[PDB]
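Report on one structure; see the data block that follows.
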Protein chains: 2
Amino acid sequence: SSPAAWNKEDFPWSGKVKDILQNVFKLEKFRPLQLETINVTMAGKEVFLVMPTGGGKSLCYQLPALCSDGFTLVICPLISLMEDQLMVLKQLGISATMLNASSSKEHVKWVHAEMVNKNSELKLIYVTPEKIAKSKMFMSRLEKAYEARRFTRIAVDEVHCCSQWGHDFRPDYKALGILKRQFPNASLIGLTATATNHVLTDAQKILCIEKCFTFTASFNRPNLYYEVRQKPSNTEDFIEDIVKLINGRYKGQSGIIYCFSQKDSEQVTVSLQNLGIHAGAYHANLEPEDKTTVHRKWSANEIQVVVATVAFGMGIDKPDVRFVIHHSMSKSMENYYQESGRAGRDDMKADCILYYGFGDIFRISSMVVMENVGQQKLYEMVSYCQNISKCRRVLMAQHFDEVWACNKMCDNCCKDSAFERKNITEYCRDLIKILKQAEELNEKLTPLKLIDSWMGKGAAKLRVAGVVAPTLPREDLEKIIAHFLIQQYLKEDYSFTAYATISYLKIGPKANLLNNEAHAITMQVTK
Amino acid sequence: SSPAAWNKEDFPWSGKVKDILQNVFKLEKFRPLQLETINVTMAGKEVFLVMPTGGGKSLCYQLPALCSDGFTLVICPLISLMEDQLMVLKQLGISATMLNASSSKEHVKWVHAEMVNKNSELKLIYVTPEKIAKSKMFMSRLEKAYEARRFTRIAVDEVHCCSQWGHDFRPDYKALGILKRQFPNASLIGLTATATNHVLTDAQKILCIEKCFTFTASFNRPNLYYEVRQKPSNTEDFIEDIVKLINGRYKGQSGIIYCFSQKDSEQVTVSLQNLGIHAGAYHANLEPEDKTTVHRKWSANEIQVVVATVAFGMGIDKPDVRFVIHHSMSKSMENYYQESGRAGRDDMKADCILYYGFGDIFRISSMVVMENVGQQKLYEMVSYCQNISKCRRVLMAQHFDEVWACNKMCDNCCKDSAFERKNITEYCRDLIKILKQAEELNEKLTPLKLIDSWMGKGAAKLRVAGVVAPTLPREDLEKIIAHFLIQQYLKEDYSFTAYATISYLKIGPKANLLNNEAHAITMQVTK
DNA sequence: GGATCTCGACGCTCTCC
DNA sequence: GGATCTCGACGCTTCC
Ligand SMILES: [Zn+2]
Ligand SMILES: [Zn+2]
């Protein structure tokens, strides 16, 4: 059966739920699938929930814990994620406890007592997967509690870590199949944002589950404005453009700038600091003292903007982030979605602005070279950046394979422009003439060298007679080349050097389609 | 007495005058000083009229001719200027005639008869000064005509040719003093646009005149919009900027582009032709078949724009010229006014746009090297181009030294900006450090070489340690250097070479003011 | 002679969690 | 190894 059959407040516990939500959580209504998922679990069945980060996954097992006798067991990989939740629960007045590596002997003793203590009001217990695999004592207390009917529910946070596809895999997550083996009458809930069908199918196996429901929540964050701008070639002009946003539409408001590297973050920070902006830097190499200093001042609005690498992400819940700017594109849609989704967690209007620069492809391509589908994921991101008609949300839904309602909340929906299919085939033929000549000369072309030759610039040996670039601006040429790349008419060829991975372009796999002289390459342009 | 005493329709001829204006000339009212000058001449007194070209000087002696017995004599240096007039008079039904070098025996015979024929209705005769000095026959007919009271008025066009200061001097204009000597009761009128007090003071002697009235018309053309834009470094970008005007604000309308040289003119023409514009080139070297070809089609609106050197100017009277663009600056304020003054001769709104480019100073500077006060005139032009606050009309009036009312009809009057005095002294000290070094190295610096060094570019020998240019754009640096030049803190130095005169910059006469370490150089900037 | 071009040339910096 | 920098190389390019 489907979720719709569970969007119902028909159940013997619908009163107890609407009530706990409204008064214990102080929430007024259910977000999508939240009602449905609680019903399934209250119905004591197995369910997987796929829902964006910050979407409110936590509610869906914390609330059941409270509508039952005893506790709900919660499996969670990081101590910080657990501490995140318990603060919230302590503040709500809910009895929750967790256990650690560094947990106090007094605290462990008390927990053990509470689990079998029939009088315990402790309703949620958080533990790491190590505790399941490497504690005989804890397993025995769980067994006693299960037998005393005080233990009716299992929550597994971040269930994707089970799989060898799941880009956060953890060995200890493989032992967790023991739970439904030992506790078949304890219902299990699995939670994640990052769920491929074959990662869920595997977690379902690892955990020794069947049958199972799978509920997938939509990606959409309706208050978010999505825009892609051209990234300026000049780095000081790029800075000047930014300060004008922060001091114009975003004056006084909190926000984030995401950068490609740690150096990018340090440079841009300084640059903004000099121009008046209260900006702070966050990357992995940072002394963790400084990692914390920055979060504190930013969450407290002393700093207006954090300039950071992807290392700034885990456990960010600040609600009034009004803008997220991407100084460079992310490695993937999944990272972008995830990186930009930290904006507007107060559900009020917020801006998400990505600066697309040709050069950035190759810095990233080179970097994710060791990733199986690193390149494939990058090229998908580039194609987003290249799109000028399609609604930005329409493009995201294609990625999640979701049944795609924007209401002018992305740059392309606000355009009044028309479009048409421009035939750019000859530019490609022309560029392949250049590359063909280069190998006949045993010459390697960086993307820079190709463009120069096309423009009739660069080393004269690398130029091809009768090839004239059009009098289009450079950024248009960059877009035409990016196009052939991702279309694989061209391809990257990496070279590994003493210190760096660098990218070169070559005739790609699809160049043989041009053997058809009637072949047509078209690109959408404004009318 | 002054012109005001003559701005009056009190006279025995005024009724006849107003009537001839409206019903013969088809004109409704008098332009400034037109009334005053006619009155003086009708009263049989001597008057010099100084009035902008196209202001209507011709009316002021043609109309009296008709309000008098017999004919008015007109002295005119070019056959084209005479023919210009005669076409117009023929079109008005006025009996006018002229005499020439290539004049027919039949035509000469008939004229002599009309002059003494008491019944003649021939009211205007045009001749060259050659005719006065080198024709015994014509002078005798004049004498006979003067004695028969059929010859009451003398007009001398372009009276400035008399003087050794008037930049169109003609030797034959020195013989013309015989006229008031022989014909003291014929009144004389002198017309010119280009009149200095010492050119007037000289013509009054040559012509054997005293006393005399001098009426000076104001330069002002209330319908003209005056703007200075920055000229782009890229010449293809400069073309692109122009086409957007021509196809934008000036779509369908007639105009002129003025260029420094013939090559500039040929190039820009081709450049525009390729981009759809019906543009035509006019310079002195052109075969006169093509000189003529271009005027016909332009006047007939087949050509939208003439792209020309100063060679396109003498005898232009097209009324619906809606824009004049200066591709490069003129040699002098006097040339600019006159060149730009060809716009909007229908008195309806018209645009006058000058593209100021640093390099052009020196292209122009080098060429007028042989002119006494060429440079001084250029620097006056540069100082106009450099002004960002003052009303464009205010700056011009200072040049004609006239008692200066723009009504937002110049770019600077339309600005809402404020301004301030920026101290740029250290920049001068820094550039003088570079030049001192250059001469200590027996190196000559072109202006290009100076900027590069200042910018930390160019040949490394030519750079000075601890001299950092500011991070201002190049065009701003160009302006700072232009500023010191005309202020003579810097000066030009010309070198004569096989084929060309080239300019170098050197420390100028005013650099000794910086011996004062408290000395201050300031430049006006926007706030 | 000034000025754009082209060639080897020497000078730096070398990607996330 | 890829851009930037720096150099002498030869070839080309003043109104009415
Ligand atoms: Zn949209
Ligand atoms: Zn003004």
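Think of each number as a place in line: the chain as shown, counted from 1.
Recorded method is X-ray crystallography, 3.4 Å.
Placement of Cβ uses the backbone N, Cα and C atoms for every residue, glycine included.
Taking A:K16, A:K390, A:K457, A:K491 one by one, Swiss-Prot attaches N6-acetyllysine to A:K457.
From A:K134, A:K449, A:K461, A:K479, the position flagged in Swiss-Prot as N6-acetyllysine is A:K449. Cross-referencing A:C391, A:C428 with the Zn(2+) binding residues that Swiss-Prot gives (A:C406, A:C410, A:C413) picks out A:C391.
The stretch that Swiss-Prot tags with motif 'DEVH box', taken from the ranges A:157-160, A:273-276, A:345-348, A:441-444, is A:157-160. In this structure, the C-alpha atom of A:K57 (active site) lies 50 angstrom from that of A:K449 (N6-acetyllysine). Take the CB of A:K449 (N6-acetyllysine) and look out to 10 A: across all protein chains shown you find 19 other CB atoms. In the structure shown, the C-beta of A:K57 has more C-beta neighbours within 10 angstroms than that of any other entry among the recorded positions A:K57, A:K457.
Where the chain is interrupted between A:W404 and A:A405, 3 residues are left out of the deposited model, and the two C-alpha atoms stand 8 angstrom apart.
Assigned with DSSP, the residues of the region 'Winged-helix domain' (A:416-527) fall into helix, strand and coil as follows: 47 helix, 24 strand, 41 coil.
Distance from the CA of A:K457 (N6-acetyllysine) to the CA of A:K449 (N6-acetyllysine) is 9 Å. With DSSP states grouped into helix (H, G, I), strand (E, B) and coil, the motif 'DEVH box' (A:157-160) comes out at 2 helix, 1 strand, 1 coil.
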